[PDB]
Amino acid sequence: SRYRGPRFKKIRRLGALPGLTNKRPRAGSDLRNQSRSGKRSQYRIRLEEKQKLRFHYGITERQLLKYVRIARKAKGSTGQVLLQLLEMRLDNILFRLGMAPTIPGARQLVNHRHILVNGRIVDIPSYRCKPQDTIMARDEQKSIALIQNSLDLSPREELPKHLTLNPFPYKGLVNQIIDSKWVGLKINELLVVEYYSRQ
Amino acid sequence: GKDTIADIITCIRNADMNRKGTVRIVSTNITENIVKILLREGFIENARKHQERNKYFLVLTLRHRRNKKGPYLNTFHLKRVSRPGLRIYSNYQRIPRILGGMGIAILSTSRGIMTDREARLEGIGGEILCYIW
Amino acid sequence: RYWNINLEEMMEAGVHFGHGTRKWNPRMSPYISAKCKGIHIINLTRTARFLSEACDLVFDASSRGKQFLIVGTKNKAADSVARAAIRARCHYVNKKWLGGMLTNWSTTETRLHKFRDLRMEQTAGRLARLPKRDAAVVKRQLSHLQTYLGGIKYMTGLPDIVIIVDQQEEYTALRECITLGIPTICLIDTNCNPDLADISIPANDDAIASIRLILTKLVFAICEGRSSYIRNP
Amino acid sequence: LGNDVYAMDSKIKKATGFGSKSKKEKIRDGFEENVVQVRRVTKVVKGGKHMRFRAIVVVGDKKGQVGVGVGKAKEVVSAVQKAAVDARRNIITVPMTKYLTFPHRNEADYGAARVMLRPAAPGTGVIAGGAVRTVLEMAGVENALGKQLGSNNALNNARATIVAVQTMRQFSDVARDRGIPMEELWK
RNA sequence: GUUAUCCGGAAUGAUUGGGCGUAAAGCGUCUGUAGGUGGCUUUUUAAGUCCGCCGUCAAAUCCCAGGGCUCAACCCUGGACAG
Ligand SMILES: [Mg+2]
Ligand SMILES: [Mg+2]
Ligand SMILES: [Mg+2]
Ligand SMILES: [Mg+2]
Ligand SMILES: [Mg+2]
Ligand SMILES: [Mg+2]
Ligand SMILES: [Mg+2]
Ligand SMILES: [Mg+2]
Ligand SMILES: [Mg+2]
Ligand SMILES: [Mg+2]
Ligand SMILES: [Mg+2]
Ligand SMILES: [Mg+2]
Ligand SMILES: [Mg+2]
Ligand SMILES: [Mg+2]
Ligand SMILES: [Mg+2]
Ligand SMILES: [Mg+2]
Ligand SMILES: [Mg+2]
Ligand SMILES: [Mg+2]
Ligand SMILES: [Mg+2]
Ligand SMILES: [Mg+2]
Ligand SMILES: [Mg+2]
Ligand SMILES: [Mg+2]
Ligand SMILES: [Mg+2]
Ligand SMILES: [Mg+2]
């Protein structure tokens, strides 16, 4: 139920995928054969948009679908609400607080019970995070060690204003619901919605 | 002349499509009211009454041609809804609104004829005579 | 600004009458006035307002620097147009009108290129070194090119104002200016539809006198407007 | 009066030859062309089948300006190009709303093609079929519902869509026509 | 993945939403019984129609708002538009 395949590959075809890999792709070396499909059918474009989404967050299709139904239910702008829903996922908030290298790493972390949400152990990746929520490391040696070395040795300070981090205990705090400009990727949600008109 | 309302509406539509300002219509309480309303909405320039041999004719001036007769971006549409074969009624919450409200809907209700706007203020439903674009 | 018009002069030149009642277009029924002996009589109180607005826009368009065409292809209106256009210093069409003069510019202009080469040839005196067939042929080219390109041969670029005589016969001019986004200021008799021109002046067809009256009024507007564009640039 | 040769050579130098000057000026027009359909039509002659391509192509800025065009040639490229020009001279503007959608719900009729457009809530994207969808997408309409009823032919549906979005009346203008303040019709 | 069943797309049985000169389609033409619709003006009545209030249309399901199984599916509380 998880994508264990080659990453760099999907990266080449789709685009830049933060939640997958930090290693920039090879020059691509496809300039020899110069093989193309010609151009892309509108369908291929839309499909690659969705694929972008799905592979950035580590989600399975059938899951994405029900997320989309939740989305179409919610009262408001569809694509936006969808992106909210995808961005409040636990391994994702774990990643975007830099408590992890990447999303597979963060998923692994969550899964092995190394994390706490409001002094409670949640080992499932898709746990939906809600406002005013405490993201902690479990108090054991190994959990602390992982979170520390993955937090400190990664210099990036981008924290997108709904996310707080505090230094010694390493208490992560989810402050609020995401803003559409604060989203974790460059995507026209319009395209993914249009793809999903047929379900 | 099985239906008078539809007839008025129709004569208007025909005179309009032919780029003529002037129409003769036969008057009646319904007719007169409908035309009054049509004026306070601003769909028609001016109205007046004539009499001969105990017949009443409302003549209607119509809004001028759009910046020529040939290049017309806009026409003026009328549609009968409730007709003798099927009578359409609506409660307060089903009251129709045309093109987001740009046009209007004519209602015959307990308090008389009116637009859908008046029905919404006063909270009444009723019989829908026509739609006007 | 004012112009020279009164009920008496328009009564003089014979503008008020037009073709028989078998021949009429009821599309003109709103602004017509009377009918006499099966000869229609057209409203002059509309004619003065249209002729005023026409000379006004003609004045503004001359003053801003826009370029003018005039058209009629008739026998009398042609002799009147060469002189109307010379008196206002404008471009004209009198002789046979070629389809595509406005709409198809590129080929019309290459036709002008070669007509210019012909105008240099004939004055250079290099048509005397040729066989008789060559000079007769170059003279066909000349005769034709003079007929069609005679009055427009100064103009480079697309004319943005066109003036026309009797739109019944002039159909292609009307079509081409309708197409290219050009205003038409036109003469209407009782047979013609008031769709085809931007400003359509009720007028007379058969009369050389009406043509001369309204065209002299208009060429006077273009002349005073010509003084104002000699001043403003 | 300056000489005729130098001034006519000035109008000859100002209008450039088509054999000595190559052409790509088009991206300076600020437009994008999208090829909707490529078909091989045939005229038949005593020799055999005389093959041509017909291209249906729409142009837009994706900013609220759009047009359709149709072209014919021997080669794909040339017909594409002609289509481009025919479209550019045929072009019009679609009335838009602050959220990038239609003023209201509308039908349209061209030939056997009928077209149904209705406004949408922001975030719904453009949902429609090929001709209608490309036209609307190239106009830049972000949220729109549409369904072509009647026929399926690409070209006619395009033209019908244009007929639809051309007759669309924006609220300011119905306020001005009726002679009534905006807020009164809002209610 | 394949096969079967049903609705969709199908405006392809069409109230919303189609047609009948030549594409499938106007009875060969009238007279007329049931049946359906039917001019204008004033009054009456209140059967339809419209508005308010009440009773009920079981619980479970669907919809909205919270709560509980680590999450979800599932379960629980409260409430309601329709009609
Ligand atoms: Mg494989
Ligand atoms: Mg569907
Ligand atoms: Mg009811
Ligand atoms: Mg050709
Ligand atoms: Mg049809
Ligand atoms: Mg279909
Ligand atoms: Mg299966
Ligand atoms: Mg069906
Ligand atoms: Mg069938
Ligand atoms: Mg059929
Ligand atoms: Mg047959
Ligand atoms: Mg048959
Ligand atoms: Mg028969
Ligand atoms: Mg038969
Ligand atoms: Mg029989
Ligand atoms: Mg009978
Ligand atoms: Mg009977
Ligand atoms: Mg009865
Ligand atoms: Mg009655
Ligand atoms: Mg129940
Ligand atoms: Mg819930
Ligand atoms: Mg819960
Ligand atoms: Mg319940
Ligand atoms: Mg009830």
# chains A, B, ... in the order shown; residues from 1 in each chain; ligands from 1

$ residues_around --residues "residue 137 (chain D)" --least-positions-apart "4" --cutoff "8 Å" --atoms "only C-alpha atoms (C1' of nucleotides)" --output "PDB file with N, CA and C atoms, in the first residue's frame"
ATOM      1  N   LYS D  62      -6.134  33.782 -22.660  1.00  0.00           N
ATOM      2  CA  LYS D  62      -6.566  33.272 -21.356  1.00  0.00           C
ATOM      3  C   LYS D  62      -6.887  34.423 -20.405  1.00  0.00           C
ATOM      4  N   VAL D 126     -13.257  23.971 -15.070  1.00  0.00           N
ATOM      5  CA  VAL D 126     -14.065  23.981 -16.287  1.00  0.00           C
ATOM      6  C   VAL D 126     -14.474  22.567 -16.655  1.00  0.00           C
ATOM      7  N   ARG D 133     -15.166  23.218 -24.326  1.00  0.00           N
ATOM      8  CA  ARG D 133     -14.137  23.288 -23.299  1.00  0.00           C
ATOM      9  C   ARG D 133     -12.885  24.020 -23.756  1.00  0.00           C
ATOM     10  N   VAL D 141     -12.061  31.565 -18.921  1.00  0.00           N
ATOM     11  CA  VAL D 141     -13.113  31.296 -17.955  1.00  0.00           C
ATOM     12  C   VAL D 141     -12.635  30.197 -17.022  1.00  0.00           C
ATOM     13  N   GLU D 142     -12.580  30.482 -15.728  1.00  0.00           N
ATOM     14  CA  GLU D 142     -12.056  29.477 -14.813  1.00  0.00           C
ATOM     15  C   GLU D 142     -13.093  28.464 -14.327  1.00  0.00           C
TER      16      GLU D 142
END

$ residues_around --residues "region 30-38 of chain E" --least-positions-apart "6" --cutoff "9 Å" --atoms "only C-alpha atoms (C1' of nucleotides)" --output "list in words"
residues 1, 2, 3, 84 and 85 of chain B

$ write_last_selection --atoms "N, CA, C and O atoms" --output "short mmCIF file (atom, residue, chain, number, x, y, z; two decimals), in the first residue's frame"
data_model
loop_
_atom_site.label_atom_id
_atom_site.label_comp_id
_atom_site.auth_asym_id
_atom_site.auth_seq_id
_atom_site.Cartn_x
_atom_site.Cartn_y
_atom_site.Cartn_z
N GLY B 1 -57.78 32.97 -29.57
CA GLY B 1 -57.84 33.74 -28.34
C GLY B 1 -58.23 32.91 -27.13
O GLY B 1 -58.91 33.40 -26.23
N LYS B 2 -57.80 31.65 -27.12
CA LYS B 2 -58.01 30.76 -25.98
C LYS B 2 -57.26 31.25 -24.77
O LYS B 2 -57.68 31.04 -23.63
N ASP B 3 -56.12 31.90 -25.02
CA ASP B 3 -55.35 32.54 -23.97
C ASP B 3 -55.04 33.98 -24.37
O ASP B 3 -54.46 34.25 -25.44
N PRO B 84 -53.02 27.24 -19.98
CA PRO B 84 -54.29 26.56 -19.70
C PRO B 84 -54.18 25.05 -19.53
O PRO B 84 -55.00 24.47 -18.81
N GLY B 85 -53.21 24.43 -20.19
CA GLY B 85 -53.00 22.99 -20.11
C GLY B 85 -52.27 22.52 -18.86
O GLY B 85 -52.60 21.49 -18.27
#

$ select_by_dssp --residues "region 55-104 of chain A" --states "helix (DSSP H, G or I)" --output "PyMOL selection string"
chain A and resi 55-57+61-73+78-87+90-99+103-104

$ residues_around --residues "region 90-107 of chain C" --least-positions-apart "3" --cutoff "6 Å" --atoms "only C-alpha atoms (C1' of nucleotides)" --output "list in words"
residues 68, 69, 70, 71, 72, 73, 78, 85, 110, 147, 151, 152 and 176 of chain C

$ write_last_selection --atoms "N, CA, C and O atoms" --output "mmCIF file, in the first residue's frame"
data_model
loop_
_atom_site.group_PDB
_atom_site.id
_atom_site.type_symbol
_atom_site.label_atom_id
_atom_site.label_comp_id
_atom_site.auth_asym_id
_atom_site.auth_seq_id
_atom_site.Cartn_x
_atom_site.Cartn_y
_atom_site.Cartn_z
ATOM 1 N N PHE C 68 -9.604 60.594 -46.680
ATOM 2 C CA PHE C 68 -10.948 60.501 -47.248
ATOM 3 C C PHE C 68 -11.025 59.886 -48.643
ATOM 4 O O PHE C 68 -10.227 60.200 -49.539
ATOM 5 N N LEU C 69 -12.022 59.021 -48.809
ATOM 6 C CA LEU C 69 -12.431 58.530 -50.115
ATOM 7 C C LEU C 69 -13.814 59.053 -50.437
ATOM 8 O O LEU C 69 -14.616 59.329 -49.544
ATOM 9 N N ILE C 70 -14.093 59.196 -51.721
ATOM 10 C CA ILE C 70 -15.450 59.464 -52.132
ATOM 11 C C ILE C 70 -15.792 58.512 -53.268
ATOM 12 O O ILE C 70 -14.913 58.119 -54.036
ATOM 13 N N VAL C 71 -17.053 58.090 -53.339
ATOM 14 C CA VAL C 71 -17.480 57.155 -54.374
ATOM 15 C C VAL C 71 -18.852 57.447 -54.979
ATOM 16 O O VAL C 71 -19.842 57.601 -54.267
ATOM 17 N N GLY C 72 -18.884 57.524 -56.304
ATOM 18 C CA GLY C 72 -20.059 57.153 -57.064
ATOM 19 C C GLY C 72 -19.545 56.733 -58.425
ATOM 20 O O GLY C 72 -18.580 57.308 -58.931
ATOM 21 N N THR C 73 -20.203 55.743 -59.025
ATOM 22 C CA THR C 73 -19.801 55.204 -60.329
ATOM 23 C C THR C 73 -20.712 55.666 -61.493
ATOM 24 O O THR C 73 -20.499 55.269 -62.642
ATOM 25 N N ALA C 78 -19.865 60.939 -61.558
ATOM 26 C CA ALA C 78 -18.426 60.749 -61.818
ATOM 27 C C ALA C 78 -17.720 62.058 -62.201
ATOM 28 O O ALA C 78 -16.608 62.369 -61.727
ATOM 29 N N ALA C 85 -13.472 65.895 -55.271
ATOM 30 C CA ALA C 85 -12.215 65.382 -54.713
ATOM 31 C C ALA C 85 -11.008 66.285 -54.982
ATOM 32 O O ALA C 85 -10.117 66.387 -54.141
ATOM 33 N N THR C 110 0.145 46.040 -54.707
ATOM 34 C CA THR C 110 1.135 45.612 -55.707
ATOM 35 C C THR C 110 0.711 46.114 -57.100
ATOM 36 O O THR C 110 1.559 46.527 -57.923
ATOM 37 N N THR C 147 -8.119 53.992 -65.306
ATOM 38 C CA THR C 147 -9.539 53.872 -64.975
ATOM 39 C C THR C 147 -9.754 53.532 -63.492
ATOM 40 O O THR C 147 -10.456 54.254 -62.774
ATOM 41 N N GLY C 151 -7.960 57.789 -58.949
ATOM 42 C CA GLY C 151 -8.169 58.706 -57.836
ATOM 43 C C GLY C 151 -7.553 58.309 -56.504
ATOM 44 O O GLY C 151 -7.435 59.126 -55.589
ATOM 45 N N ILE C 152 -7.182 57.042 -56.387
ATOM 46 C CA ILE C 152 -6.596 56.520 -55.161
ATOM 47 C C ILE C 152 -5.065 56.455 -55.230
ATOM 48 O O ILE C 152 -4.409 56.087 -54.255
ATOM 49 N N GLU C 176 -17.473 46.157 -48.099
ATOM 50 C CA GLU C 176 -16.058 46.195 -47.747
ATOM 51 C C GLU C 176 -15.775 47.097 -46.549
ATOM 52 O O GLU C 176 -14.952 46.761 -45.682
#

$ residues_around --residues "region 168-185 of chain D" --least-positions-apart "5" --cutoff "8 Å" --atoms "only C-alpha atoms (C1' of nucleotides)" --output "list in words"
residues 41, 42, 43, 101 and 102 of chain B; 94, 95, 96, 102, 103, 104 and 106 of chain D

$ write_last_selection --atoms "C-alpha atoms" --output "mmCIF file, in the first residue's frame"
data_model
loop_
_atom_site.group_PDB
_atom_site.id
_atom_site.type_symbol
_atom_site.label_atom_id
_atom_site.label_comp_id
_atom_site.auth_asym_id
_atom_site.auth_seq_id
_atom_site.Cartn_x
_atom_site.Cartn_y
_atom_site.Cartn_z
ATOM 1 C CA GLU B 41 -39.449 47.549 -14.313
ATOM 2 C CA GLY B 42 -38.240 49.614 -17.255
ATOM 3 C CA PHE B 43 -38.705 47.072 -20.059
ATOM 4 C CA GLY B 101 -32.265 38.228 -10.983
ATOM 5 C CA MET B 102 -31.330 40.245 -14.054
ATOM 6 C CA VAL D 94 -16.337 37.191 -23.046
ATOM 7 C CA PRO D 95 -18.090 39.010 -20.122
ATOM 8 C CA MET D 96 -16.538 37.846 -16.842
ATOM 9 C CA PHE D 102 -20.279 33.689 -16.311
ATOM 10 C CA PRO D 103 -22.805 36.373 -15.509
ATOM 11 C CA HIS D 104 -25.623 33.894 -15.830
ATOM 12 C CA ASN D 106 -27.403 30.720 -21.162
#

$ atom_distance --atom1 "CA of residue 80 (chain D)" --atom2 "CA of residue 55 (chain D)"
5.9 Å

$ residues_around --residues "region 90-92 of chain B" --least-positions-apart "2" --cutoff "6 Å" --atoms "only C-alpha atoms (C1' of nucleotides)" --output "number ranges by chain"
B: 94-95, 124-126

$ write_last_selection --atoms "N, CA, C and O atoms" --output "tab-separated table (two decimals), in the first residue's frame"
chain	number	residue	atom	x	y	z
B	94	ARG	N	-40.01	28.15	-3.50
B	94	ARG	CA	-39.76	27.72	-4.86
B	94	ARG	C	-39.84	28.88	-5.86
B	94	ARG	O	-39.66	28.64	-7.05
B	95	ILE	N	-40.13	30.10	-5.40
B	95	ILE	CA	-40.32	31.22	-6.34
B	95	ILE	C	-39.10	31.43	-7.22
B	95	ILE	O	-37.99	31.62	-6.74
B	124	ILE	N	-45.27	35.74	-0.03
B	124	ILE	CA	-46.38	35.04	-0.68
B	124	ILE	C	-45.92	34.23	-1.89
B	124	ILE	O	-45.02	34.64	-2.61
B	125	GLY	N	-46.55	33.07	-2.12
B	125	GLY	CA	-46.35	32.33	-3.36
B	125	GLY	C	-47.58	32.46	-4.25
B	125	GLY	O	-48.52	33.17	-3.89
B	126	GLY	N	-47.60	31.78	-5.39
B	126	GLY	CA	-48.76	31.87	-6.26
B	126	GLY	C	-48.59	31.31	-7.65
B	126	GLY	O	-47.76	30.43	-7.90

$ interface_residues --of "chain E" --to "chain B" --cutoff "8 Å" --atoms "only C-alpha atoms (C1' of nucleotides)" --output "PDB file with N, CA, C and O atoms (P, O5', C5', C4', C3', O3' and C1' of nucleotides), in the first residue's frame"
ATOM      1  P     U E  37     -58.963  20.741 -18.917  1.00  0.00           P
ATOM      2  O5'   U E  37     -59.148  21.942 -19.952  1.00  0.00           O
ATOM      3  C5'   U E  37     -58.207  23.005 -19.986  1.00  0.00           C
ATOM      4  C4'   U E  37     -58.177  23.693 -21.327  1.00  0.00           C
ATOM      5  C3'   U E  37     -59.007  24.954 -21.456  1.00  0.00           C
ATOM      6  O3'   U E  37     -58.423  26.085 -20.845  1.00  0.00           O
ATOM      7  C1'   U E  37     -59.375  23.605 -23.337  1.00  0.00           C
ATOM      8  P     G E  38     -59.331  27.041 -19.928  1.00  0.00           P
ATOM      9  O5'   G E  38     -60.156  27.909 -20.977  1.00  0.00           O
ATOM     10  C5'   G E  38     -59.515  28.518 -22.087  1.00  0.00           C
ATOM     11  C4'   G E  38     -60.520  29.015 -23.092  1.00  0.00           C
ATOM     12  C3'   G E  38     -61.655  29.857 -22.537  1.00  0.00           C
ATOM     13  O3'   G E  38     -61.257  31.188 -22.236  1.00  0.00           O
ATOM     14  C1'   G E  38     -62.537  28.262 -24.031  1.00  0.00           C
ATOM     15  P     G E  39     -62.276  32.237 -21.567  1.00  0.00           P
ATOM     16  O5'   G E  39     -62.531  33.271 -22.745  1.00  0.00           O
ATOM     17  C5'   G E  39     -61.500  33.565 -23.673  1.00  0.00           C
ATOM     18  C4'   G E  39     -61.708  34.927 -24.267  1.00  0.00           C
ATOM     19  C3'   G E  39     -62.087  35.998 -23.261  1.00  0.00           C
ATOM     20  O3'   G E  39     -60.952  36.554 -22.624  1.00  0.00           O
ATOM     21  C1'   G E  39     -63.617  36.038 -25.051  1.00  0.00           C
ATOM     22  P     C E  40     -60.954  36.799 -21.039  1.00  0.00           P
ATOM     23  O5'   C E  40     -61.689  38.214 -20.893  1.00  0.00           O
ATOM     24  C5'   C E  40     -61.323  39.310 -21.730  1.00  0.00           C
ATOM     25  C4'   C E  40     -62.363  40.410 -21.771  1.00  0.00           C
ATOM     26  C3'   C E  40     -62.902  40.899 -20.437  1.00  0.00           C
ATOM     27  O3'   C E  40     -62.022  41.786 -19.775  1.00  0.00           O
ATOM     28  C1'   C E  40     -64.692  40.601 -21.941  1.00  0.00           C
ATOM     29  P     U E  49     -53.691  22.856  -3.809  1.00  0.00           P
ATOM     30  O5'   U E  49     -53.190  24.315  -4.185  1.00  0.00           O
ATOM     31  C5'   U E  49     -52.809  24.631  -5.512  1.00  0.00           C
ATOM     32  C4'   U E  49     -52.612  26.109  -5.651  1.00  0.00           C
ATOM     33  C3'   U E  49     -52.021  26.786  -4.429  1.00  0.00           C
ATOM     34  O3'   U E  49     -50.615  26.658  -4.369  1.00  0.00           O
ATOM     35  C1'   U E  49     -53.901  27.998  -5.162  1.00  0.00           C
ATOM     36  P     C E  50     -49.903  26.224  -3.000  1.00  0.00           P
ATOM     37  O5'   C E  50     -49.586  27.613  -2.298  1.00  0.00           O
ATOM     38  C5'   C E  50     -49.178  28.736  -3.067  1.00  0.00           C
ATOM     39  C4'   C E  50     -49.517  30.027  -2.364  1.00  0.00           C
ATOM     40  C3'   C E  50     -49.219  30.057  -0.874  1.00  0.00           C
ATOM     41  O3'   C E  50     -47.857  30.323  -0.596  1.00  0.00           O
ATOM     42  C1'   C E  50     -51.395  30.894  -1.256  1.00  0.00           C
ATOM     43  P     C E  51     -47.084  29.460   0.512  1.00  0.00           P
ATOM     44  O5'   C E  51     -47.444  30.193   1.878  1.00  0.00           O
ATOM     45  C5'   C E  51     -47.024  31.530   2.109  1.00  0.00           C
ATOM     46  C4'   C E  51     -47.663  32.122   3.344  1.00  0.00           C
ATOM     47  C3'   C E  51     -47.563  31.292   4.611  1.00  0.00           C
ATOM     48  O3'   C E  51     -46.316  31.462   5.257  1.00  0.00           O
ATOM     49  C1'   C E  51     -49.774  32.111   4.355  1.00  0.00           C
TER      50        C E  51
END

$ select_by_dssp --residues "region 42-150 of chain D" --states "strand (DSSP E or B)" --output "count of residues only"
47

$ decode --residues "region 41-98 of chain B" --atoms "C-alpha atoms" --output "compact mmCIF listing (two decimals), in the first residue's frame"
# COMPACT_ATOMS: atom_id res chain seq x y z
CA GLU B 41 -39.45 47.55 -14.31
CA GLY B 42 -38.24 49.61 -17.25
CA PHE B 43 -38.70 47.07 -20.06
CA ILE B 44 -40.93 49.31 -22.15
CA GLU B 45 -40.79 53.04 -22.98
CA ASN B 46 -44.36 54.26 -22.47
CA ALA B 47 -47.97 53.03 -22.48
CA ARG B 48 -51.33 54.65 -23.24
CA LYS B 49 -55.01 53.76 -23.81
CA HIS B 50 -57.33 54.24 -26.81
CA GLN B 51 -61.05 53.56 -27.34
CA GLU B 52 -63.16 52.89 -30.40
CA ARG B 53 -66.47 51.00 -30.84
CA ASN B 54 -66.25 49.88 -27.16
CA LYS B 55 -62.85 48.29 -27.78
CA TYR B 56 -59.79 49.24 -25.69
CA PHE B 57 -56.29 49.30 -27.15
CA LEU B 58 -53.16 49.83 -25.12
CA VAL B 59 -50.42 51.08 -27.38
CA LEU B 60 -46.90 50.46 -26.22
CA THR B 61 -43.79 52.34 -27.15
CA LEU B 62 -40.77 50.06 -27.10
CA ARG B 63 -37.12 50.63 -26.18
CA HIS B 64 -35.15 51.95 -29.15
CA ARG B 65 -32.96 49.84 -31.49
CA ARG B 66 -29.46 49.02 -30.21
CA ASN B 67 -26.98 51.44 -31.91
CA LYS B 68 -28.46 50.34 -35.30
CA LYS B 69 -31.07 47.84 -36.46
CA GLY B 70 -28.48 45.44 -38.00
CA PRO B 71 -25.88 44.99 -35.19
CA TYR B 72 -28.12 43.98 -32.22
CA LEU B 73 -26.39 42.46 -29.18
CA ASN B 74 -29.67 42.31 -27.27
CA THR B 75 -33.27 41.22 -27.88
CA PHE B 76 -36.11 41.15 -25.36
CA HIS B 77 -37.52 37.71 -24.53
CA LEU B 78 -40.87 36.61 -23.12
CA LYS B 79 -41.98 33.17 -22.03
CA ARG B 80 -45.34 31.81 -20.95
CA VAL B 81 -45.08 29.44 -17.98
CA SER B 82 -48.46 28.55 -16.52
CA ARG B 83 -50.72 27.97 -19.48
CA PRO B 84 -54.29 26.56 -19.70
CA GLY B 85 -53.00 22.99 -20.11
CA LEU B 86 -50.57 23.03 -17.21
CA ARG B 87 -50.92 25.49 -14.36
CA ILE B 88 -47.69 26.04 -12.50
CA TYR B 89 -47.80 27.16 -8.90
CA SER B 90 -45.04 27.75 -6.42
CA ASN B 91 -44.74 28.25 -2.70
CA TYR B 92 -42.62 30.96 -1.13
CA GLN B 93 -39.37 28.99 -1.32
CA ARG B 94 -39.76 27.72 -4.86
CA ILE B 95 -40.32 31.22 -6.34
CA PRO B 96 -38.26 31.45 -9.55
CA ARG B 97 -35.63 34.06 -10.25
CA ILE B 98 -34.45 34.80 -13.76
